[PDB]
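Student: Have a look at this one.
Values quoted throughout were computed directly from the atomic coordinates according to the rules given, and no laboratory measurement underlies them. Cβ: placed from backbone, ideal geometry, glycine included. Neighbour counts: every protein chain shown.
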Amino acid sequence: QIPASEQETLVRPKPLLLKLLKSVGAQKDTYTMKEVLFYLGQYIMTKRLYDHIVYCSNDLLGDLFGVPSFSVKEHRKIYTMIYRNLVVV
Ligand SMILES: CC[C@@H](c1cccc(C2CC2)n1)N1C(=O)[C@@](C)(CC(=O)O)C[C@H](c2cccc(Cl)c2)[C@H]1c1ccc(Cl)cc1
């Protein structure tokens with residue numbers, strides 16, 4: 001399925017994603033996917049976009065991902081949407 005190795009991937013977020021990350025404390029320009037996933041996860045919970053569907057129709061997350069919603073259990077799909085907003089190091 002999804003390898004644990006993916007969490008070690010080094011990435012450089014594009015401007016829009018970087019802006020979202022910085023709203024939950026992100027201080028850097030290069031991150032590990034583990035960091036990106038956590039910061040996104042915290043952005044999601046603190047904004048009560050989730051409580052298995054995440055609703056992001058009127059949130060920058062929705063513009064970032066290109067969807068009005070998505071399931072938190074569909075990890076492969078989530079990884080794809082995230083990569084649309086970053087560059088691998
Ligand atoms: C929506 C809450 C959030 C969440 C909240 C707080 C901390 C974390 C840390 C795991 C990063 N995640 N979260 C979860 O709570 C999980 C358990 C949902 C699940 O499968 O039941 C896992 C989920 C995840 C983890 C790793 C890779 C992918 Cl693609 C998805 C993860 C998540 C979901 C969506 C995004 Cl965009 C980013 C991270």
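Student: Being in contact with a helix residue (DSSP H, G or I) (Cβ under 7 Å, 6 or more places away or on another chain), part of a helix (DSSP H, G or I) and within 13 Å of the ligand (Cβ to nearest atom) is the filter here, so list the residues in the stretch 13-36 that pass it.
Tutor: Answer for the stretch 13-36, where residues must be in contact with a helix residue (DSSP H, G or I) (Cβ under 7 Å, 6 or more places away or on another chain), part of a helix (DSSP H, G or I) and within 13 Å of the ligand (Cβ to nearest atom): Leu17, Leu20, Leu21, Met33, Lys34, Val36.
Student: Note down all Cβ pairs under 7 Å where the first residue falls in the stretch 31-52 and is within 14 Å of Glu6 (Cβ to Cβ), the second is within 7 Å of the ligand (Cβ to nearest atom) and among the β-branched types (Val, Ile, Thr), and they're at least six residues apart or on different chains.
Tutor: Every condition considered, the pairs that remain are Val36/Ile82.
Student: Further question on the same structure: Across the stretch 57-81, what is the total count of residues that are touching a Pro at 6+ places or on another chain (Cβ under 9 Å) and near the ligand (Cβ under 9 Å from one of its atoms)?
Tutor: Number satisfying all stated conditions: 0.
Student: Let me ask something else about it. Within the group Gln27, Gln42, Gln1, which residue is among the polar types (S, T, N, Q) and within 13 Å of the chain's Cα centre (by Cα)?
Tutor: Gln42
Student: Moving to a separate point now. Filter the stretch 68-89 down to residues that are surrounded by 15 or more Cβ atoms within 10 Å (Cβ to Cβ) and among the β-branched types (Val, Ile, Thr) and give me whichever is farthest from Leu16 (Cα to Cα).
Tutor: Restricting to residues being surrounded by 15 or more Cβ atoms within 10 Å (Cβ to Cβ) and among the β-branched types (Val, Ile, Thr), the top hit is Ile78.
Student: State all residues of the stretch 63-79 that are within 16 Å of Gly41 (Cβ to Cβ) and either among the hydrophobic types (A, V, I, L, M, F, W, C) or part of a helix (DSSP H, G or I) (or both); if no residue qualifies, say none.
Tutor: Answer for the stretch 63-79, where residues must be within 16 Å of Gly41 (Cβ to Cβ) and either among the hydrophobic types (A, V, I, L, M, F, W, C) or part of a helix (DSSP H, G or I) (or both): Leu64, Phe65, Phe70, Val72, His75, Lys77, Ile78, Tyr79.
Student: For the stretch 37-54, enumerate the residues that are outside any loop (DSSP other than H, G, I, E, B), surrounded by fewer than 17 Cβ atoms within 10 Å (Cβ to Cβ) and either in contact with a strand residue (DSSP E or B) (Cβ under 8 Å, 6 or more places away or on another chain) or of a type in the set (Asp, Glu) (or both).
Tutor: Within the stretch 37-54, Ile53 is the sole residue that qualifies.
Student: Do you know which of the residues in the stretch 2-12 that are surrounded by fewer than 16 Cβ atoms within 10 Å (Cβ to Cβ) and more than 11 Å from the ligand (Cβ to nearest atom) is nearest to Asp63 (Cα to Cα)?
Tutor: Checking each candidate, the answer is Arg12.
Student: Here are some conditions: (1) hydroxyl-bearing (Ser, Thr, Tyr); (2) outside any helix (DSSP H, G or I); (3) surrounded by 15 or more Cβ atoms within 10 Å (Cβ to Cβ). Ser57 meets all but one. Which one does it not meet?
Tutor: For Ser57, the exception is condition (3).
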